[PDB]
């Protein structure tokens, strides 16, 4: 309220420790602007019904504004009510799916998925361009894209890579026509479903694999477990040309970080969770004051063995 400023932040919960850092960012912005926040989310990201309930509970408080990062599910009833109550609504992280927003979402603070994925395409092209030139139109080099789902996030993290990789590889006459991108969506983001898709990529089948999220990386790591020559379940010698698989990811988490340290994954892109949270509350606060707001791109950064322990990179990663 005016006398006791209050903004509701409905998050994806703490299944993934990324969200501890987002909370830190949010609490910082809240203190800077003199506003109390709630920071509430489901126990796991599959608990859509509890996230619906928590969002309803917060709407009922008549907060000055709401910042929202939707898990998978249908929040149209809640967003419809927000719109009717004229509560300013901000998305953050993946925010509100566009087909649910109903004209009510003023602005969103988030990573640009397509741009982050394009960084991975740039690095993959760099790594594979000489290797691809050895293939032919009748026997193309293959790069697999493990797309996490058919949501806005999965589509954008896949499309961003595909668009940029195609631009680079068609633009270079030594590579054009000699490659094919294989876009694979596992039937769920559960372990067996992802591992079973990664199984078809064994045995000198592909040159590279792009892992669109942490769940993809975990599933991949069920199957590939070493970057030593001659070792069980190794990336070494298992590429389509008998070289080593070039595998790149997105986000972090301990299994992924260890895979980068151990040389199984060449590198990944990280988001800036603190900034996501800080900018979410900032936008919400400004919108609560009737100030004009606009989408904010919090960006993404490549990380690899060379910079993983740099303090400014380390602070973006999570276990």
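Residue numbers count along the first chain shown, from 1.
- Once the C-alpha B-factors are averaged per stretch, 84-92 and 129-137 rank with 129-137 first.
- Mean CA B-factor, 98-106 versus 226-234: the higher value falls on 226-234.
- The PDB entry assigns its highest CA temperature factor, among 78, 199, 212, 111, to 199.
- Of all the options 208, 219, 171, 160, the entry's greatest CA B-factor is assigned to 171.
- When the modelled residues of the chain are ordered by their C-alpha B factor, residue 42 lands in the middle third.
- Ranked by Cα temperature factor within the chain, residue 182 sits in the highest third according to the deposited record.
- Ranked against the other modelled residues of its chain, the C-alpha B-factor of residue 308 as given in the entry falls in the highest third.
- Annotation for residue 122: C-alpha temperature factor in the lowest third relative to the rest of the modelled chain, per the entry.
- Residue 267: CA B factor in the lowest third of modelled residues in this chain (values from the PDB entry).
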